[PDB]
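Chains as they are written, first to last, in the authors' numbering: chain h, 99 to 341; chain Y, 24 to 301, 320 to 513; chain X, 24 to 301, 320 to 513; chain W, 24 to 301, 320 to 513; chain a, 321 to 374. Structure record follows, encoded as structure tokens.
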Amino acid sequence: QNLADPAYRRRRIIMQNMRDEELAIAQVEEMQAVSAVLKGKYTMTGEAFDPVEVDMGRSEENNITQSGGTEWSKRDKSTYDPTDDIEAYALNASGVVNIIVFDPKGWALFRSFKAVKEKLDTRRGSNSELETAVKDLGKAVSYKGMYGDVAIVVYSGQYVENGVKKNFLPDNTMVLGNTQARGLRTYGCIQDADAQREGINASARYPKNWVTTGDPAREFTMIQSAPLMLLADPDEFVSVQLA
Amino acid sequence: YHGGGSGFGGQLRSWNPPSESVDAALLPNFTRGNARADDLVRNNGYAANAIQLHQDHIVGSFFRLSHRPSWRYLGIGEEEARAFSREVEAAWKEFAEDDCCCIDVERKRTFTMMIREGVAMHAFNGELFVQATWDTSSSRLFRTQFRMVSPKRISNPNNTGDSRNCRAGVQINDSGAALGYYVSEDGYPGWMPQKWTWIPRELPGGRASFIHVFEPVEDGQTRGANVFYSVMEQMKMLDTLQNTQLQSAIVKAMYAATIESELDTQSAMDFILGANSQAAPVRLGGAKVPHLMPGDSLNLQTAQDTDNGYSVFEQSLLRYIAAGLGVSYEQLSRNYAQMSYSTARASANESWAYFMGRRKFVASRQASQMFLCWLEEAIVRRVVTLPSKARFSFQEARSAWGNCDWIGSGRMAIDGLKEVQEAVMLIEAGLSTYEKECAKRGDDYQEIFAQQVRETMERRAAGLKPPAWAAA
Amino acid sequence: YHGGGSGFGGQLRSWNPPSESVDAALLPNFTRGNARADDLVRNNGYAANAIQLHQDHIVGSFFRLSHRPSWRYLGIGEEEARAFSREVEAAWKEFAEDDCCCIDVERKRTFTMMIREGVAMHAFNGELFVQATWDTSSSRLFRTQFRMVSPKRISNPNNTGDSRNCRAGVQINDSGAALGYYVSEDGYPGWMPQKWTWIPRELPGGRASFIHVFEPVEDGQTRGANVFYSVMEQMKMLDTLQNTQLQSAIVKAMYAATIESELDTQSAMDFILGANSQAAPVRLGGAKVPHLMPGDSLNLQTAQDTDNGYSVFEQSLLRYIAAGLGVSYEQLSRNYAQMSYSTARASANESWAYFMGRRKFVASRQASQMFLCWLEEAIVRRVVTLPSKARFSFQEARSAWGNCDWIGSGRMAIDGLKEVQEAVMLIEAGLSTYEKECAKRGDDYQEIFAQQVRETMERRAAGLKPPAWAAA
Amino acid sequence: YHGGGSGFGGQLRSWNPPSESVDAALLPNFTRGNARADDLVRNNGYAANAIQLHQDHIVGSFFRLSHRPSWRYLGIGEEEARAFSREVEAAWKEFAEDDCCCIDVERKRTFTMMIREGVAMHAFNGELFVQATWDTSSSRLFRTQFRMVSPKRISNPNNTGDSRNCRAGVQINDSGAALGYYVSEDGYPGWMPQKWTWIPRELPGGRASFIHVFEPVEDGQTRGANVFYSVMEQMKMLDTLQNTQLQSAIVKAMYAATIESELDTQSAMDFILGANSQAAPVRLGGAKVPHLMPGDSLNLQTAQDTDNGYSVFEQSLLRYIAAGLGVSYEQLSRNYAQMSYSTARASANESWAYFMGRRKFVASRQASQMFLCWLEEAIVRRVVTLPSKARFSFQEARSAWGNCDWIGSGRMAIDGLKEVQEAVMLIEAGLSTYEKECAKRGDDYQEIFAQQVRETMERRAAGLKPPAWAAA
Amino acid sequence: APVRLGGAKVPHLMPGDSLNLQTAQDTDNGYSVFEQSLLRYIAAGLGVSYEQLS
């Protein structure tokens with residue numbers, strides 16, 4: 099019923115394209131942002147893009163990865179204090195630490211310890227308050243209560259490369275860090291003669307469209323951003339594999 | 024009731040419209056409607072004429088202020104109220120009609136021009152927006168400057184879909200009220216606007232930051248609908264009819280003859296039309330009587346009447362269109378067929394009621410909100426001094442302090458003498474005062490009295506006889 | 024709403040005009056639009072009449088100055104304000120209306136001529152430009168000289184593609200305001216290519232150095248749109264129709280008769296039409330009766346009606362064009378069909394509303410800015426002296442010192458007696474002053490009073506009767 | 024905007040006019056346009072009638088001077104100014120009304136004739152030239168003389184092209200103002216080649232030597248364009264249509280019969296027409330009844346209506362032409378359909394506005410410049426004397442000393458009594474004065490007062506009743 | 321297949337083809353007068369005058 103002239107249909111189709119372009123650019127920005135934190139460096143590559151490799155010097159003493167010794171899975175789930183290692187890992191950071199980010203598998207591994215359970219129900223031995231029970235099951239982020247001083251965060255975001263969905267954080271990593279860490283959000287200069295004729299430069303998401311008068315007609319649409327995500331102090335975080 | 028059935032003999036079995044609110048019937052095709060309305064306004068003789076009639080008769084050439092604060096309610100005293108009103112009117116007159124045109128940000132218009140543009144925007148768009156902003160770096164006396172916004176600019180951010188609270192870029196709270204508007208920036212080189220900026224309707228201090236004026240039709244109507252929607256189809260179809268008729272008349276009147284013969288077409292025109300081969322031109326001097334052999338034959342085509350009744354149909358369609366738009370058929374079509382005085386006066390009255398309604402609502406509301414937004418800063422910067430012994434401060438009762446009535450241009454009567462006679466006869470009796478009659482001519486009676494008082498002494502200085510109004 | 028849908032039966036399926044702002048709808052075809060407007064004005068009977076009506080009714084033959092400074096806002100005193108007004112009016116009347124025509128550098132116009140040119144340019148181009156400059160070589164009292172800049176001159180430099188801040192040769196700052204105008208030199212035959220120069224809108228001292236007048240349609244309109252876009256197509260098509268019809272009438276009336284025979288081409292004309300072989322010319326003296334054989338024949342052609350309904354359809358098109366432009370049909374077409382007094386007065390009112398609007402806006406703004414630009418030299422050059430104890434200096438409130446209202450030419454009434462009776466009866470009552478009544482006839486009332494006060498003395502000296510206005 | 028686009032259905036795909044100023048559109052084809060307009064003025068009745076209307080209504084039968092120097096600025100005094108004005112008016116009235124026609128070198132005109140010719144030559148050519156020289160050998164009171172130069176003479180020397188500083192025979196300085204003019208020689212015979220001279224516009228003292236009067240349209244315009252360019256084509260085509268229709272009517276009405284037979288040409292006319300053999322003339326007496334054998338026949342040929350709708354088409358074209366020229370339709374075509382008083386008065390006033398504008402600009406400016414050129418001599422040769430204690434010398438301010446107002450012939454009202462009644466009604470009230478009323482009849486109130494003061498004495502001495510205006 | 325309404329067109333017909341511009345009757349051939357008669361009848365029946373009814 100209802101229905102519309104072949105022109106309404108063109109306006110609707112034209113929009114959802116704008117939405118998809120914005121979502122793709124936002125995904126690229128977030129992927130750069132996350133990859134800049136987990137490890138010191140991240141590489142930008144493509145099929146038509148000459149590879150460029152941004153590298154911020156992070157000391158080898160960071161990026162702590164568990165090994166045949168000092169791993170949480172193999173060790174007993176009763177009679178063990180996770181809190182002791184956390185302090186040892188966080189000693190390596192420069193500056194205070196005020197937040198912890200868990201991949202949900204890592205969070206399930208961490209809260210399974212009985213000692214951390216004991217730290218919750220002590221009358222005077224701590225001020226930590228968590229929410230061990232289920233809190234969020236559809237949302238991407240779940241701000242759990244402060245554990246001691248630092249806050250506890252579980253992030254399960256999804257970026258889709260090809261048809262298949264993928265998770266951002268790589269399968270139970272834990273990232274110590276500071277909630278006020280100095281991060282830079284740098285946007286370069288767009289390279290389009292039409293844009294520069296218009297007078298615009300160093301802007302994010304310059305949109306345009308044009309008609310190509312081809313055999314089937316056609317008018318396209320294009321967003322171009324040129325993003326670059328930096329970290330002023332790369333060694334303010336401490337990435338842990340936590341296997 | 025046969026209205027809601029199938030019809031007389033099943034003729035209305037297809038006409039089954041859905042019952043929808045104004046929002047669901049207007050918003051999905053809002054932009055196309057606005058675009059078509061603007062297209063008609065720009066490129067039609069009748070649409071531009073209708074807009075010009077709106078602007079010239081609703082508002083006119085000058086749009087003046089009369090400040091009347093409610094003295095009894097505020098409990099301040101009559102004479103102090105009059106003095107305050109005089110100071111405020113002087114200040115506004117100084118600020119309203121600045122020749123440098125600094126009242127608007129773009130420095131292209133004066134006040135009454137802004138009112139005229141507001142009326143026009145309310146004509147073919149259904150709504151008008153004025154934004155009141157400050158210039159901190161400005162070193163003149165009054166910082167407040169107003170900026171016009173076309174309704175094309177206020178739309179959703181980043182091409183989002185219409186939601187319960189945000190419709191067509193206008194945010195709506197739980198009730199029907201509005202909180203703020205999303206305004207883009209239309210830039211000429213290229214299209215597909217880039218960024219959207221949020222600006223609220225009211226500052227936390229109660230000051231007006233965004234002015235939205237329109238008349239609703241139903242319960243919940245986020246944005247208005249222009250007046251052209253009743254006659255958008257008929258005007259386009261009439262334009263097509265006129266252009267096609269003109270082209271057809273040109274083509275039918277273009278072929279004046281037809282030559283039938285057997286010889287070569289050059290010699291056929293040489294021996295019949297009268298040309299020379301020294320196709321080919323034919324000189325238009327004198328008269329000619331060609332000589333024809335039996336095979337030859339000459340035809341002088343005759344065409345149809347150039348206006349075979351198009352002029353009568355056009356009259357009917359213009360009557361329909363003028364009924365839709367609001368202006369009388371006589372003003373819209375410039376016809377003015379021979380008629381009596383009674384019919385002319387009746388048509389003028391029936392248009393006048395509509396024009397006065399429009400002026401009393403749209404232009405008056407816009408002007409009053411502008412005046413109040415200026416008056417808040419005027420009081421704050423102490424260019425004027427409020428009366429003391431005030432029950433309510435300025436913030437508590439804003440409309441009681443800035444209650445103003447505007448006087449626009451007066452009607453031009455068909456008869457010059459009759460209107461003067463009737464005004465004089467009302468003056469002789471107690472039916473009407475001086476203010477009503479001097480307002481019907483676009484005049485503030487206080488200024489007239491001051492001019493008369495100056496002139497009587499001017500005359501007495503030169504030795505002329507005192508005027509009639511002079512007291513003995 | 025069916026306005027924004029497919030339409031009646033899908034007839035409007037292809038009518039999808041793009042929703043674009045005025046800047047993106049005017050500028051891409053600017054020069055061609057202005058050129059077509061000029062071509063229509065330069066080669067049509069009706070367009071030149073419309074321009075002449077605009078010039079003659081908006082302004083007329085004299086455009087007088089009436090200076091009324093705002094003394095209360097400044098606080099100087101009534102007598103000092105009047106002394107200053109009289110002095111400045113005398114100085115301006117000397118400077119404006121010189122017969123040496125040295126107000127503009129080309130020495131070809133007076134002041135009223137310049138106002139009329141401004142109105143005309145605002146008619147068929149949509150915008151007017153005036154450049155105010157100085158001449159240090161001139162030894163006269165006042166060094167101010169003005170100029171008229173054709174809108175074609177001001178364009179983007181070297182035809183470089185358009186930009187964001189610099190649109191169509193007019194520079195725009197971050198807000199909507201304009202700062203400078205790129206204007207080129209114009210030499211028609213050749214020389215070095217056009218050199219585009221910079222001319223700032225206003226000098227550092229606040230003086231106005233470049234003038235641009237046009238009424239906007241939307242929020243942002245960098246350059247104006249002419250009045251002809253509504254009806255440019257129809258006037259061209261009417262021109263084509265009229266020329267084609269006239270040529271067709273000539274062609275149809277040219278071929279008077281027709282001869283069919285079987286003899287030689289000249290013998291048949293010798294024996295039938297009566298020409299002489301002593320084509321073959323025929324003498325028009327007297328009557329003739331040929332002699333024919335069975336083979337021959339003579340036919341007297343009959344042509345269609347020369348004017349078969351073309352007049353009525355031209356009437357319809359002129360009504361449309363008159364609605365589009367603004368002038369009433371009776372003025373544009375010179376028809377003046379049998380109409381009563383009521384219809385004529387109503388049509389005159391319809392024309393006069395628009396003419397008053399244009400006079401109040403276009404010519405008035407140009408004249409006010411010109412007068413202020415001149416008054417700055419005067420005040421500075423001590424040709425006139427400011428009143429004492431001024432609350433503000435001249436540069437602080439320019440509008441305060443130069444607050445002026447201009448008098449144009451009045452209306453020529455359809456019936457002369459009735460308007461005079463109306464004015465007299467209004468004067469007898471208190472509704473209107475002498476200043477307004479004498480202003481509606483284009484007279485300055487102070488000059489009139491001086492005239493009567495001198496005429497009474499002249500009559501007394503010569504021995505005649507005292508006049509009616511004299512005081513016993 | 025559809026005006027600047029392709030058009031309705033692509034019909035305006037080829038309407039692409041050049042964008043060029045008045046110079047690039049006028050100078051290449053100046054002489055051809057002037058020659059065609061002169062052809063139309065010389066060889067068409069209607070255009071000559073329009074020119075006569077221009078001459079008679081713009082100027083009339085007299086062009087009187089009224090000298091009103093601005094005495095207030097000069098600081099000289101009212102009484103000295105009045106005496107100076109009287110003296111200079113008397114001197115001008117005696118100089119320019121010489122029965123021997125010695126104002127102009129050619130001794131063929133008077134002042135009023137010269138002003139009328141200036142107006143006419145403005146009308147059909149677009150400019151008027153007046154050259155001011157001296158005849159040193161002459162022994163008269165004034166040695167100033169003026170020669171009228173036709174615009175055709177001003178041309179580039181040696182018929183070369185237009186250089187940057189010399190357009191169309193007029194020198195142009197760095198600004199648009201003119202500096203000097205190139206004048207050819209009057210060559211009546213084709214042979215005797217022409218000599219080109221050089222005439223500076225102003226003598227080094229500032230006195231006017233060569234006068235150029237014309238109204239510009241755009242910024243830079245070396246020479247103007249005449250009023251006929253709007254309707255050059257239509258008048259020629261109308262003339263061709265008229266001549267062709269008249270010739271066709273004569274041809275169609277010539278052949279009153281046609282003879283069919285099989286006998287000799289002589290005998291067939293003998294037996295049927297009734298001619299005599301002693320082709321064959323026939324005498325018209327009586328009514329004749331021929332006798333026809335079976336083979337013969339006689340056809341009385343029939344023609345169409347002679348005037349089938351030609352008059353209404355002539356009406357439409359004449360309305361168009363009149364609208365182009367500026368004269369009212371009834372003044373141009375002498376039609377005068379049955380019309381009420383209101384319509385006639387409306388038409389007369391609509392033409393009168395234009396006529397008053399033309400008189401105020403063209404004739405007034407030319408006469409003022411000529412009068413200033415004469416007043417320099419009067420002052421220098423001490424024929425008249427300047428008021429003593431003058432602030433400025435004459436040369437420092439020519440306009441102030443020579444400021445003058447001219448009065449033409451007054452209009453002839455449609456109704457005789459109503460104009461007089463309104464004049465008396467105005468004079469009785471204060472809305473006007475004696476000078477303005479006496480000026481509307483083309484009279485000077487001072488002369489009327491002198492005549493009345495003479496008449497009252499003449500009546501009193503002779504024994505008659507004193508006049509109405511006489512004082513007891 | 322839908323035509324485009326813009327323009328003035330002159331078709332080129334082969335000998336077989338043809339084009340017919342139908343002429344219809346007066347869309348109001350005397351209906352107003354019959355309405356007048358019937359409305360006068362109805363007004364006489366109901367009591368209100370003809371002007372006040374029609």
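Don't be surprised by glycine CBs; every beta carbon is placed ideally from N, CA and C.
Secondary structure remark: continuous beta strand (DSSP E) runs of at least 3 residues inside the segment 149-180 of chain Y, in chain order: 151-156 and 168-172.
W/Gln34 has a beta carbon lying within less than 9 Å of a beta carbon in chain a. For W/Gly28, the residues of chain X that pass the 8 Å Cβ criterion are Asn52, in the order they occur in the chain. Secondary structure of h/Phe200 (DSSP, three-state): strand. Cβ contact annotation for W/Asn444 (same chain, cutoff 8 Å, sequence separation greater than five): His90, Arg91, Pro92 and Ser93, in chain order. Sequence-distant partners of X/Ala71 (beyond 5 residues in either direction) whose C-beta falls short of 7 Å from its own C-beta, in its chain, are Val64. One thing to note: W/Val353 has its Cβ within 9 Å of the Cβ of X/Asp348.
Among the residues of the segment 340-355 of chain a, none has a Cβ less than 9 Å away from any Cβ of chain Y. h/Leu328 sits away from h/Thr277, with the two beta carbons spaced by 9 Å or more. Interface annotation for the segment 52-66 of chain Y against chain W: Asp62, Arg65 and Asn66, criterion Cβ-Cβ distance under 9 Å.
In chain order, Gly203 and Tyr205 place their CB closer than 7 Å to the CB of X/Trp221, counting only its own chain and leaving out the 5 sequence neighbours on each side. Counting only residues of its own chain and dropping the five nearest sequence neighbours on each side, W/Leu413 has a CB closer than 6 Å to the CB of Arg439 and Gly443. Judged by pairs of C-beta atoms under 8 Å, the segment 96-107 of chain X touches the segment 414-430 of chain X, as three or more such pairs exist. Taking C-beta atoms under 8 Å as the contact rule, Y/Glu241 and Y/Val45 qualify, at a distance of about 4 Å. Between X/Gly26 and X/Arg406, the alpha-carbon positions lie close to 40 Å from each other. Taking the C-beta atoms as reference points, W/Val494 is found nearer than 9 Å to X/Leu505. Given a length threshold of 3 residues, each whole run of the beta strand (DSSP E) inside the segment 115-194 of chain h is given here in chain order: 139-142 and 150-153.
At least 9 Å separates the beta-carbon of X/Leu151 from that of X/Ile273. With a minimum length of 4 residues, the unbroken runs of alpha helix (DSSP H) contained wholly in the segment 92-160 of chain Y fall at 94-97, 101-119 and 134-147. For Y/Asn266, the C-beta contacts it makes with chain W under 7 Å involve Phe31, in order along the chain. Counting only Cβ-Cβ distances below 8 Å, a/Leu325 has contacts in chain Y at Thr263 and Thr267, in chain order.
Contact check for h/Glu151 against h/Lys139 passes: the beta carbons are separated by less than 9 Å. In the three-state reduction of the DSSP assignment, X/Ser37 falls in the coil class, being assigned neither a helical nor a strand state. Within the segment 251-283 of chain X, the complete alpha helix (DSSP H) runs of at least 4 residues fall at 255-277. When beta bridges are read from the DSSP output, X/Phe233 appears opposite X/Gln154. As a beta-bridge residue in DSSP terms, h/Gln256 pairs with h/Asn265.
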